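K.L.:
Got a structure for you, run00.cif, holding mmCIF, C-alpha atoms and all ligand atoms; chains and numbers go by the auth columns.
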data_entry
#
loop_
_atom_site.group_PDB
_atom_site.id
_atom_site.type_symbol
_atom_site.label_atom_id
_atom_site.label_comp_id
_atom_site.label_asym_id
_atom_site.label_seq_id
_atom_site.Cartn_x
_atom_site.Cartn_y
_atom_site.Cartn_z
_atom_site.B_iso_or_equiv
_atom_site.auth_seq_id
_atom_site.auth_asym_id
ATOM 1 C CA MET A 1 -126.803 72.284 152.354 0.00 1 A
ATOM 2 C CA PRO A 2 -126.358 72.387 156.149 0.00 2 A
ATOM 3 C CA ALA A 3 -125.574 75.700 157.805 0.00 3 A
ATOM 4 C CA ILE A 4 -122.433 74.201 159.385 0.00 4 A
ATOM 5 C CA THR A 5 -119.421 73.419 157.210 0.00 5 A
ATOM 6 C CA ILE A 6 -116.041 72.113 158.402 0.00 6 A
ATOM 7 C CA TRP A 7 -113.149 72.207 155.921 0.00 7 A
ATOM 8 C CA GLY A 8 -110.115 70.041 156.444 0.00 8 A
ATOM 9 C CA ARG A 9 -108.370 66.686 156.132 0.00 9 A
ATOM 10 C CA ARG A 10 -110.016 64.047 158.338 0.00 10 A
ATOM 11 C CA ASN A 11 -106.616 62.567 159.294 0.00 11 A
ATOM 12 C CA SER A 12 -105.697 65.711 161.265 0.00 12 A
ATOM 13 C CA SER A 13 -106.178 65.657 165.038 0.00 13 A
ATOM 14 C CA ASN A 14 -107.378 69.255 165.039 0.00 14 A
ATOM 15 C CA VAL A 15 -110.014 68.464 162.413 0.00 15 A
ATOM 16 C CA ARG A 16 -110.914 65.331 164.381 0.00 16 A
ATOM 17 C CA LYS A 17 -111.586 67.602 167.367 0.00 17 A
ATOM 18 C CA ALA A 18 -114.173 69.484 165.346 0.00 18 A
ATOM 19 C CA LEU A 19 -115.777 66.474 163.620 0.00 19 A
ATOM 20 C CA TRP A 20 -116.117 64.673 166.933 0.00 20 A
ATOM 21 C CA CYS A 21 -117.731 67.743 168.529 0.00 21 A
ATOM 22 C CA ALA A 22 -120.092 68.186 165.590 0.00 22 A
ATOM 23 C CA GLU A 23 -120.998 64.498 165.876 0.00 23 A
ATOM 24 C CA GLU A 24 -121.543 64.723 169.657 0.00 24 A
ATOM 25 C CA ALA A 25 -124.044 67.523 168.970 0.00 25 A
ATOM 26 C CA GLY A 26 -126.004 65.676 166.286 0.00 26 A
ATOM 27 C CA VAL A 27 -126.258 68.742 164.051 0.00 27 A
ATOM 28 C CA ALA A 28 -126.450 68.783 160.290 0.00 28 A
ATOM 29 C CA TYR A 29 -122.964 69.538 159.038 0.00 29 A
ATOM 30 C CA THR A 30 -120.921 69.256 155.860 0.00 30 A
ATOM 31 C CA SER A 31 -117.327 68.033 155.972 0.00 31 A
ATOM 32 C CA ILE A 32 -115.249 69.154 152.979 0.00 32 A
ATOM 33 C CA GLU A 33 -111.867 67.565 152.244 0.00 33 A
ATOM 34 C CA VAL A 34 -110.119 69.264 149.343 0.00 34 A
ATOM 35 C CA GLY A 35 -107.502 67.669 147.113 0.00 35 A
ATOM 36 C CA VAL A 36 -103.641 71.103 159.093 0.00 54 A
ATOM 37 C CA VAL A 37 -106.229 73.520 160.457 0.00 55 A
ATOM 38 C CA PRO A 38 -110.043 73.154 160.469 0.00 56 A
ATOM 39 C CA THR A 39 -112.149 76.014 159.164 0.00 57 A
ATOM 40 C CA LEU A 40 -115.618 76.178 160.701 0.00 58 A
ATOM 41 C CA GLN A 41 -118.423 78.140 159.062 0.00 59 A
ATOM 42 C CA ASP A 42 -121.846 78.402 160.695 0.00 60 A
ATOM 43 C CA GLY A 43 -123.875 81.174 159.116 0.00 61 A
ATOM 44 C CA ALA A 44 -121.890 84.392 159.430 0.00 62 A
ATOM 45 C CA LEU A 45 -119.333 82.854 161.816 0.00 63 A
ATOM 46 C CA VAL A 46 -115.907 81.697 160.608 0.00 64 A
ATOM 47 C CA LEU A 47 -113.528 79.967 163.041 0.00 65 A
ATOM 48 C CA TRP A 48 -109.955 78.776 162.488 0.00 66 A
ATOM 49 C CA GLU A 49 -109.040 77.512 165.971 0.00 67 A
ATOM 50 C CA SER A 50 -109.738 73.875 166.931 0.00 68 A
ATOM 51 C CA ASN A 51 -110.512 74.460 170.605 0.00 69 A
ATOM 52 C CA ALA A 52 -112.531 77.614 169.922 0.00 70 A
ATOM 53 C CA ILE A 53 -114.500 75.597 167.354 0.00 71 A
ATOM 54 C CA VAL A 54 -115.121 72.970 170.031 0.00 72 A
ATOM 55 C CA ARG A 55 -116.162 75.374 172.775 0.00 73 A
ATOM 56 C CA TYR A 56 -118.467 77.089 170.310 0.00 74 A
ATOM 57 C CA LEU A 57 -120.128 73.933 168.953 0.00 75 A
ATOM 58 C CA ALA A 58 -120.826 72.591 172.439 0.00 76 A
ATOM 59 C CA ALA A 59 -122.096 75.849 173.947 0.00 77 A
ATOM 60 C CA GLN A 60 -124.215 76.539 170.842 0.00 78 A
ATOM 61 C CA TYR A 61 -125.405 73.007 170.053 0.00 79 A
ATOM 62 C CA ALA A 62 -124.530 70.468 172.781 0.00 80 A
ATOM 63 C CA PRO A 63 -125.093 72.002 176.227 0.00 81 A
ATOM 64 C CA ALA A 64 -124.563 68.568 177.764 0.00 82 A
ATOM 65 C CA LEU A 65 -120.913 69.138 176.789 0.00 83 A
ATOM 66 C CA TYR A 66 -120.514 72.703 178.116 0.00 84 A
ATOM 67 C CA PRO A 67 -120.581 72.811 181.948 0.00 85 A
ATOM 68 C CA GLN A 68 -122.472 75.942 182.948 0.00 86 A
ATOM 69 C CA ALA A 69 -120.757 76.610 186.283 0.00 87 A
ATOM 70 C CA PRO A 70 -117.400 78.340 185.619 0.00 88 A
ATOM 71 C CA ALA A 71 -115.648 76.318 188.321 0.00 89 A
ATOM 72 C CA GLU A 72 -116.550 72.971 186.736 0.00 90 A
ATOM 73 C CA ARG A 73 -115.883 74.089 183.159 0.00 91 A
ATOM 74 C CA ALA A 74 -112.407 75.174 184.272 0.00 92 A
ATOM 75 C CA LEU A 75 -111.552 71.554 185.087 0.00 93 A
ATOM 76 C CA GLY A 76 -111.673 70.439 181.475 0.00 94 A
ATOM 77 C CA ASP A 77 -110.804 73.886 180.162 0.00 95 A
ATOM 78 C CA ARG A 78 -107.234 73.517 181.430 0.00 96 A
ATOM 79 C CA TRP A 79 -106.740 70.293 179.475 0.00 97 A
ATOM 80 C CA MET A 80 -107.926 71.999 176.318 0.00 98 A
ATOM 81 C CA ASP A 81 -105.233 74.670 176.706 0.00 99 A
ATOM 82 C CA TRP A 82 -102.650 72.125 177.888 0.00 100 A
ATOM 83 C CA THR A 83 -103.221 69.919 174.834 0.00 101 A
ATOM 84 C CA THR A 84 -102.314 72.833 172.581 0.00 102 A
ATOM 85 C CA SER A 85 -99.748 74.593 174.765 0.00 103 A
ATOM 86 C CA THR A 86 -97.755 71.569 175.909 0.00 104 A
ATOM 87 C CA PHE A 87 -98.574 68.267 174.226 0.00 105 A
ATOM 88 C CA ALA A 88 -99.416 68.851 170.566 0.00 106 A
ATOM 89 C CA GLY A 89 -96.052 70.230 169.434 0.00 107 A
ATOM 90 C CA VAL A 90 -93.851 67.398 170.692 0.00 108 A
ATOM 91 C CA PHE A 91 -96.437 64.803 169.726 0.00 109 A
ATOM 92 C CA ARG A 92 -96.912 66.122 166.201 0.00 110 A
ATOM 93 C CA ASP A 93 -93.126 65.815 165.969 0.00 111 A
ATOM 94 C CA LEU A 94 -93.166 62.226 167.233 0.00 112 A
ATOM 95 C CA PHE A 95 -96.017 61.395 164.897 0.00 113 A
ATOM 96 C CA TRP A 96 -94.293 62.884 161.847 0.00 114 A
ATOM 97 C CA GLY A 97 -91.040 60.966 162.292 0.00 115 A
ATOM 98 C CA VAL A 98 -92.874 57.644 162.603 0.00 116 A
ATOM 99 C CA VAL A 99 -95.898 57.690 160.299 0.00 117 A
ATOM 100 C CA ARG A 100 -94.835 60.222 157.668 0.00 118 A
ATOM 101 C CA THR A 101 -91.088 60.371 157.183 0.00 119 A
ATOM 102 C CA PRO A 102 -89.011 57.731 155.355 0.00 120 A
ATOM 103 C CA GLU A 103 -86.490 55.901 157.527 0.00 121 A
ATOM 104 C CA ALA A 104 -83.705 57.435 155.428 0.00 122 A
ATOM 105 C CA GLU A 105 -84.829 60.837 156.787 0.00 123 A
ATOM 106 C CA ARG A 106 -85.666 59.984 160.421 0.00 124 A
ATOM 107 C CA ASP A 107 -83.766 61.898 163.105 0.00 125 A
ATOM 108 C CA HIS A 108 -84.000 58.998 165.533 0.00 126 A
ATOM 109 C CA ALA A 109 -82.472 60.732 168.550 0.00 127 A
ATOM 110 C CA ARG A 110 -85.156 63.395 168.077 0.00 128 A
ATOM 111 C CA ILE A 111 -88.038 60.926 167.642 0.00 129 A
ATOM 112 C CA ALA A 112 -86.664 59.044 170.661 0.00 130 A
ATOM 113 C CA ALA A 113 -86.779 62.326 172.585 0.00 131 A
ATOM 114 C CA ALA A 114 -90.263 63.189 171.349 0.00 132 A
ATOM 115 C CA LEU A 115 -91.475 59.711 172.315 0.00 133 A
ATOM 116 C CA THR A 116 -89.920 59.987 175.762 0.00 134 A
ATOM 117 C CA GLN A 117 -91.304 63.461 176.441 0.00 135 A
ATOM 118 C CA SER A 118 -94.704 62.701 174.930 0.00 136 A
ATOM 119 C CA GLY A 119 -94.837 59.842 177.420 0.00 137 A
ATOM 120 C CA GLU A 120 -93.935 61.832 180.512 0.00 138 A
ATOM 121 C CA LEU A 121 -96.270 64.641 179.507 0.00 139 A
ATOM 122 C CA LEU A 122 -99.069 62.097 179.122 0.00 140 A
ATOM 123 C CA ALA A 123 -98.161 60.810 182.601 0.00 141 A
ATOM 124 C CA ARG A 124 -99.589 64.097 183.894 0.00 142 A
ATOM 125 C CA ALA A 125 -102.937 63.447 182.220 0.00 143 A
ATOM 126 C CA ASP A 126 -102.731 59.834 183.435 0.00 144 A
ATOM 127 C CA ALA A 127 -102.407 61.212 186.955 0.00 145 A
ATOM 128 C CA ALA A 128 -105.448 63.452 186.530 0.00 146 A
ATOM 129 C CA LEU A 129 -107.429 60.501 185.171 0.00 147 A
ATOM 130 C CA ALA A 130 -106.558 58.582 188.320 0.00 148 A
ATOM 131 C CA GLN A 131 -108.509 61.249 190.256 0.00 149 A
ATOM 132 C CA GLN A 132 -111.561 61.601 187.977 0.00 150 A
ATOM 133 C CA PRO A 133 -112.718 59.451 185.049 0.00 151 A
ATOM 134 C CA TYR A 134 -112.673 62.383 182.585 0.00 152 A
ATOM 135 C CA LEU A 135 -110.501 65.396 181.934 0.00 153 A
ATOM 136 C CA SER A 136 -113.748 67.353 182.363 0.00 154 A
ATOM 137 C CA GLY A 137 -114.279 65.758 185.782 0.00 155 A
ATOM 138 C CA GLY A 138 -117.021 63.382 186.861 0.00 156 A
ATOM 139 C CA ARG A 139 -118.694 63.296 183.447 0.00 157 A
ATOM 140 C CA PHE A 140 -117.382 63.591 179.897 0.00 158 A
ATOM 141 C CA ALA A 141 -117.558 67.081 178.355 0.00 159 A
ATOM 142 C CA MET A 142 -115.766 69.362 175.871 0.00 160 A
ATOM 143 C CA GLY A 143 -112.619 69.320 177.998 0.00 161 A
ATOM 144 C CA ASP A 144 -111.898 65.718 177.027 0.00 162 A
ATOM 145 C CA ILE A 145 -112.175 66.399 173.297 0.00 163 A
ATOM 146 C CA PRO A 146 -108.824 68.044 172.325 0.00 164 A
ATOM 147 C CA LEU A 147 -106.569 65.497 174.067 0.00 165 A
ATOM 148 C CA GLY A 148 -109.052 62.723 173.214 0.00 166 A
ATOM 149 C CA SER A 149 -108.560 63.406 169.510 0.00 167 A
ATOM 150 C CA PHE A 150 -104.776 63.146 169.863 0.00 168 A
ATOM 151 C CA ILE A 151 -104.829 60.089 172.117 0.00 169 A
ATOM 152 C CA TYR A 152 -106.264 58.027 169.277 0.00 170 A
ATOM 153 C CA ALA A 153 -103.007 58.633 167.404 0.00 171 A
ATOM 154 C CA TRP A 154 -101.003 57.924 170.564 0.00 172 A
ATOM 155 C CA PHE A 155 -102.490 54.474 171.105 0.00 173 A
ATOM 156 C CA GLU A 156 -102.812 53.266 167.506 0.00 174 A
ATOM 157 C CA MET A 157 -99.421 54.599 166.350 0.00 175 A
ATOM 158 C CA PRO A 158 -96.778 51.893 165.837 0.00 176 A
ATOM 159 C CA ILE A 159 -94.666 52.759 168.895 0.00 177 A
ATOM 160 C CA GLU A 160 -93.717 51.301 172.277 0.00 178 A
ATOM 161 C CA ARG A 161 -95.762 53.189 174.897 0.00 179 A
ATOM 162 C CA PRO A 162 -95.116 53.465 178.640 0.00 180 A
ATOM 163 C CA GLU A 163 -97.739 51.925 180.895 0.00 181 A
ATOM 164 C CA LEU A 164 -100.354 54.628 181.610 0.00 182 A
ATOM 165 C CA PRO A 165 -103.420 52.707 182.759 0.00 183 A
ATOM 166 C CA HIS A 166 -105.778 55.507 183.749 0.00 184 A
ATOM 167 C CA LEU A 167 -105.066 57.247 180.450 0.00 185 A
ATOM 168 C CA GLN A 168 -105.786 53.936 178.710 0.00 186 A
ATOM 169 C CA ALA A 169 -109.057 53.182 180.526 0.00 187 A
ATOM 170 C CA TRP A 170 -110.187 56.698 179.589 0.00 188 A
ATOM 171 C CA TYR A 171 -109.383 55.941 175.956 0.00 189 A
ATOM 172 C CA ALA A 172 -111.358 52.705 176.329 0.00 190 A
ATOM 173 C CA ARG A 173 -114.392 54.693 177.476 0.00 191 A
ATOM 174 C CA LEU A 174 -113.977 57.207 174.671 0.00 192 A
ATOM 175 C CA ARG A 175 -113.990 54.347 172.164 0.00 193 A
ATOM 176 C CA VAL A 176 -117.498 53.278 173.212 0.00 194 A
ATOM 177 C CA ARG A 177 -118.925 56.637 172.037 0.00 195 A
ATOM 178 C CA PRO A 178 -120.275 56.566 168.447 0.00 196 A
ATOM 179 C CA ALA A 179 -119.449 60.255 167.946 0.00 197 A
ATOM 180 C CA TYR A 180 -115.855 59.369 168.795 0.00 198 A
ATOM 181 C CA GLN A 181 -115.864 56.388 166.417 0.00 199 A
ATOM 182 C CA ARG A 182 -117.168 58.476 163.517 0.00 200 A
ATOM 183 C CA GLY A 183 -115.391 61.724 164.378 0.00 201 A
ATOM 184 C CA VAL A 184 -111.951 60.607 165.559 0.00 202 A
ATOM 185 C CA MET A 185 -111.154 57.015 164.616 0.00 203 A
ATOM 186 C CA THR A 186 -110.281 57.648 160.984 0.00 204 A
ATOM 187 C CA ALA A 187 -107.434 56.496 158.757 0.00 205 A
ATOM 188 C CA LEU A 188 -104.297 57.049 160.838 0.00 206 A
ATOM 189 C CA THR A 189 -102.233 58.371 157.956 0.00 207 A
HETATM 190 CL CL CL B . -101.301 63.421 164.649 0.00 301 B
HETATM 191 CL CL CL B . -107.106 63.776 146.632 0.00 302 B
HETATM 192 CL CL CL B . -124.735 81.379 164.203 0.00 303 B
HETATM 193 CL CL CL B . -92.896 57.076 155.529 0.00 304 B
HETATM 194 CL CL CL B . -111.461 57.665 188.666 0.00 305 B
HETATM 195 CL CL CL B . -118.283 67.164 184.699 0.00 306 B
HETATM 196 CL CL CL B . -100.315 49.834 167.818 0.00 307 B
HETATM 197 CL CL CL B . -106.373 47.148 173.260 0.00 308 B
HETATM 198 CL CL CL B . -117.150 62.382 159.500 0.00 309 B
HETATM 199 CL CL CL B . -109.501 52.534 160.076 0.00 310 B
#
Show the structure stored in the file as structure tokens.
P.N.:
Amino acid sequence: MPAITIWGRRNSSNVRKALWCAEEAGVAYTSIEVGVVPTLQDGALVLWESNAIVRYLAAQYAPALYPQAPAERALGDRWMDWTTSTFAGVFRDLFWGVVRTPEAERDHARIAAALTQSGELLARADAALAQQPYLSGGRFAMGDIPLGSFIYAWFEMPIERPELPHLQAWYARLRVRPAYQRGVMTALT
């Protein structure tokens, strides 16, 4: 069995982050879904943090994805932290109310507020993607991966989205990557 194992449900955005990164690197890996947080194991290493798992997999296995100059890495680095620190919480809330709770249980005012704030948060990324074609800068790299794994849910969710055309063209370019198709575009349950 491959040295790399990734535990976790494939319909989680955090696990998508890791599967997509694994796929981008081409390495042998096992994905275990037991019957949400990814657990990475690679030899003696055990990782529980999505973005740490990403940064590791790219630096260790896909150096095309890990910019070596600190100043260029920092461009996409900030969107990795921002995805966790600012976007994921409100969006996971939006996504729960819409895909996973029964209408009898939906706090609509809250969903409505999640949807509205999700949108204006994303407007910030949309503005950055009007300056460069990737969160990582001129070329795709690890920095695009955390928000890229959420933005699949954003666009394929049954919701009314505000017009964010740079964000959308970026998602269109993500969709042409096979690693993104196999790693991220899973059952949106
Ligand atoms: Cl989600
Ligand atoms: Cl099951
Ligand atoms: Cl190792
Ligand atoms: Cl439901
Ligand atoms: Cl551009
Ligand atoms: Cl770059
Ligand atoms: Cl849709
Ligand atoms: Cl479309
Ligand atoms: Cl997979
Ligand atoms: Cl599907």
K.L.:
Please report the interatomic distance between atom CA of residue 3 of chain A and atom CA of residue 64 of chain A in Å with one decimal.
P.N.:
11.7 Å
K.L.:
Can you translate the PyMOL selection byres (((not hetatm)) within 7 of (chain B and resi 306)) into the concrete residues it hits in this file, as a PyMOL selection string?
P.N.:
chain A and resi 85+90+154-159
K.L.:
Tell me which of A:123, A:117, A:68, A:162 sits closest to ligand CL 307 (chain B), counting only C-alpha atoms and all ligand atoms.
P.N.:
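Result for the nearest residue to ligand CL 307 (chain B): A:117.
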K.L.:
Got a sec: who's within 12 Å of residue 160 of chain A, counting all atoms listed in the file, leaving out chain neighbours fewer than 2 positions off, as an mmCIF file with C-alpha atoms, in the frame of the given file?
P.N.:
data_model
loop_
_atom_site.group_PDB
_atom_site.id
_atom_site.type_symbol
_atom_site.label_atom_id
_atom_site.label_comp_id
_atom_site.auth_asym_id
_atom_site.auth_seq_id
_atom_site.Cartn_x
_atom_site.Cartn_y
_atom_site.Cartn_z
ATOM 1 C CA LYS A 17 -111.586 67.602 167.367
ATOM 2 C CA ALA A 18 -114.173 69.484 165.346
ATOM 3 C CA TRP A 20 -116.117 64.673 166.933
ATOM 4 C CA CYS A 21 -117.731 67.743 168.529
ATOM 5 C CA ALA A 22 -120.092 68.186 165.590
ATOM 6 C CA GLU A 24 -121.543 64.723 169.657
ATOM 7 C CA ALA A 25 -124.044 67.523 168.970
ATOM 8 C CA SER A 68 -109.738 73.875 166.931
ATOM 9 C CA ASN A 69 -110.512 74.460 170.605
ATOM 10 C CA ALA A 70 -112.531 77.614 169.922
ATOM 11 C CA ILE A 71 -114.500 75.597 167.354
ATOM 12 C CA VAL A 72 -115.121 72.970 170.031
ATOM 13 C CA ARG A 73 -116.162 75.374 172.775
ATOM 14 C CA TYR A 74 -118.467 77.089 170.310
ATOM 15 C CA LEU A 75 -120.128 73.933 168.953
ATOM 16 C CA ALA A 76 -120.826 72.591 172.439
ATOM 17 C CA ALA A 77 -122.096 75.849 173.947
ATOM 18 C CA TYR A 79 -125.405 73.007 170.053
ATOM 19 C CA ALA A 80 -124.530 70.468 172.781
ATOM 20 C CA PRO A 81 -125.093 72.002 176.227
ATOM 21 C CA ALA A 82 -124.563 68.568 177.764
ATOM 22 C CA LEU A 83 -120.913 69.138 176.789
ATOM 23 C CA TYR A 84 -120.514 72.703 178.116
ATOM 24 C CA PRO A 85 -120.581 72.811 181.948
ATOM 25 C CA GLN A 86 -122.472 75.942 182.948
ATOM 26 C CA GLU A 90 -116.550 72.971 186.736
ATOM 27 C CA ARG A 91 -115.883 74.089 183.159
ATOM 28 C CA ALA A 92 -112.407 75.174 184.272
ATOM 29 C CA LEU A 93 -111.552 71.554 185.087
ATOM 30 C CA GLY A 94 -111.673 70.439 181.475
ATOM 31 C CA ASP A 95 -110.804 73.886 180.162
ATOM 32 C CA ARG A 96 -107.234 73.517 181.430
ATOM 33 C CA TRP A 97 -106.740 70.293 179.475
ATOM 34 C CA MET A 98 -107.926 71.999 176.318
ATOM 35 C CA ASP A 99 -105.233 74.670 176.706
ATOM 36 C CA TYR A 152 -112.673 62.383 182.585
ATOM 37 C CA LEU A 153 -110.501 65.396 181.934
ATOM 38 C CA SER A 154 -113.748 67.353 182.363
ATOM 39 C CA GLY A 155 -114.279 65.758 185.782
ATOM 40 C CA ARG A 157 -118.694 63.296 183.447
ATOM 41 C CA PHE A 158 -117.382 63.591 179.897
ATOM 42 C CA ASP A 162 -111.898 65.718 177.027
ATOM 43 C CA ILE A 163 -112.175 66.399 173.297
ATOM 44 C CA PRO A 164 -108.824 68.044 172.325
ATOM 45 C CA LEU A 165 -106.569 65.497 174.067
ATOM 46 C CA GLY A 166 -109.052 62.723 173.214
ATOM 47 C CA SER A 167 -108.560 63.406 169.510
#
K.L.:
Around (-106.1, 68.7, 159.8), as given in the file, which residues come within 10 Å? Count only C-alpha atoms and list them as a PDB file with C-alpha atoms, in the frame of the given file.
P.N.:
ATOM      1  CA  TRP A   7    -113.149  72.207 155.921  1.00  0.00           C
ATOM      2  CA  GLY A   8    -110.115  70.041 156.444  1.00  0.00           C
ATOM      3  CA  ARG A   9    -108.370  66.686 156.132  1.00  0.00           C
ATOM      4  CA  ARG A  10    -110.016  64.047 158.338  1.00  0.00           C
ATOM      5  CA  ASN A  11    -106.616  62.567 159.294  1.00  0.00           C
ATOM      6  CA  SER A  12    -105.697  65.711 161.265  1.00  0.00           C
ATOM      7  CA  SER A  13    -106.178  65.657 165.038  1.00  0.00           C
ATOM      8  CA  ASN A  14    -107.378  69.255 165.039  1.00  0.00           C
ATOM      9  CA  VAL A  15    -110.014  68.464 162.413  1.00  0.00           C
ATOM     10  CA  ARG A  16    -110.914  65.331 164.381  1.00  0.00           C
ATOM     11  CA  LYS A  17    -111.586  67.602 167.367  1.00  0.00           C
ATOM     12  CA  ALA A  18    -114.173  69.484 165.346  1.00  0.00           C
ATOM     13  CA  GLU A  33    -111.867  67.565 152.244  1.00  0.00           C
ATOM     14  CA  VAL A  54    -103.641  71.103 159.093  1.00  0.00           C
ATOM     15  CA  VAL A  55    -106.229  73.520 160.457  1.00  0.00           C
ATOM     16  CA  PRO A  56    -110.043  73.154 160.469  1.00  0.00           C
ATOM     17  CA  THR A  57    -112.149  76.014 159.164  1.00  0.00           C
ATOM     18  CA  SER A  68    -109.738  73.875 166.931  1.00  0.00           C
TER      19      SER A  68
END
K.L.:
Pick out the closest residue to residue 133 of chain A from this set: A:32, A:27, A:182, A:108. Count only C-alpha atoms.
P.N.:
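Of A:32, A:27, A:182, A:108, the one nearest residue 133 of chain A is A:108, counting only C-alpha atoms.
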K.L.:
Mind giving me the straight-line distance from atom CA of residue 28 of chain A to atom CL of ligand CL 309 (chain B) in Å, one decimal?
P.N.:
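Result for atom CA of residue 28 of chain A versus atom CL of ligand CL 309 (chain B): 11.3 Å, one decimal.
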K.L.:
Collect all residues with atoms no farther than 10 Å from ligand CL 307 (chain B), counting all atoms listed in the file, and output them as a PDB file with C-alpha atoms, in the coordinates of the input.
P.N.:
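selection.pdb, freshly written:
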ATOM      1  CA  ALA A 171    -103.007  58.633 167.404  1.00  0.00           C
ATOM      2  CA  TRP A 172    -101.003  57.924 170.564  1.00  0.00           C
ATOM      3  CA  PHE A 173    -102.490  54.474 171.105  1.00  0.00           C
ATOM      4  CA  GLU A 174    -102.812  53.266 167.506  1.00  0.00           C
ATOM      5  CA  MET A 175     -99.421  54.599 166.350  1.00  0.00           C
ATOM      6  CA  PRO A 176     -96.778  51.893 165.837  1.00  0.00           C
ATOM      7  CA  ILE A 177     -94.666  52.759 168.895  1.00  0.00           C
ATOM      8  CA  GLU A 178     -93.717  51.301 172.277  1.00  0.00           C
ATOM      9  CA  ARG A 179     -95.762  53.189 174.897  1.00  0.00           C
TER      10      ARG A 179
END
K.L.:
Select the residues contacting ligand CL 303 (chain B) at a distance of at most 7 Å, based on only C-alpha atoms and all ligand atoms, then format the selection as number ranges by chain.
P.N.:
A: 60-63
K.L.:
Enter the distance from atom CA of residue 6 of chain A to atom CA of residue 26 of chain A, in Å, rounded to one decimal.
P.N.:
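Rounded to one decimal, the two atoms are 14.2 Å apart.
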K.L.:
With distances taken over only C-alpha atoms, which residue among A:148, A:202, A:187, A:4 lies nearest residue 65 of chain A?
P.N.:
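Checking each of A:148, A:202, A:187, A:4 against residue 65 of chain A, counting only C-alpha atoms, the winner is A:4.
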K.L.:
Within 9 Å of ligand CL 310 (chain B), counting only C-alpha atoms and all ligand atoms, which protein or nucleic acid residues do you find, written as number ranges by chain?
P.N.:
A: 203-206
K.L.:
Point out the residue among A:145, A:58, A:127, A:169 with the least atom-to-atom distance to residue 110 of chain A, counting only C-alpha atoms.
P.N.:
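Among A:145, A:58, A:127, A:169, it is A:169 that comes nearest to residue 110 of chain A.
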K.L.:
Return as a ChimeraX atom specification the set of residues that the PyMOL selection byres (((not hetatm)) within 8 of (chain B and resi 309)) yields on the displayed structure.
P.N.:
/A:10,19-20,23,31,200-201
K.L.:
Between A:134, A:140, A:59, A:34, which is the closest to residue 2 of chain A once you count all atoms listed in the file?
P.N.:
A:59
K.L.:
Check which residues fall inside 6 Å of ligand CL 305 (chain B) when counting only C-alpha atoms and all ligand atoms, and print them as an NGL selection string.
P.N.:
:A and (148-151)
K.L.:
Point out the residue among A:141, A:119, A:112, A:106 with the least atom-to-atom distance to ligand CL 304 (chain B), counting all atoms listed in the file.
P.N.:
A:119
K.L.:
Please produce, as a Markdown table, a per-residue contact table for chain A versus ligand CL 304 (chain B) (criterion: any atom at most 12 Å away, all atoms listed in the file considered), showing the nearest atom pair and its distance in Å to one decimal, sorted by chain then residue number.
P.N.:
| residue | atom | partner | partner_atom | distance |
| --- | --- | --- | --- | --- |
| A:113 | CA | B:CL304 | CL | 10.8 |
| A:114 | CA | B:CL304 | CL | 8.7 |
| A:115 | CA | B:CL304 | CL | 8.0 |
| A:116 | CA | B:CL304 | CL | 7.1 |
| A:117 | CA | B:CL304 | CL | 5.7 |
| A:118 | CA | B:CL304 | CL | 4.3 |
| A:119 | CA | B:CL304 | CL | 4.1 |
| A:120 | CA | B:CL304 | CL | 3.9 |
| A:121 | CA | B:CL304 | CL | 6.8 |
| A:122 | CA | B:CL304 | CL | 9.2 |
| A:123 | CA | B:CL304 | CL | 9.0 |
| A:124 | CA | B:CL304 | CL | 9.2 |
| A:207 | CA | B:CL304 | CL | 9.7 |
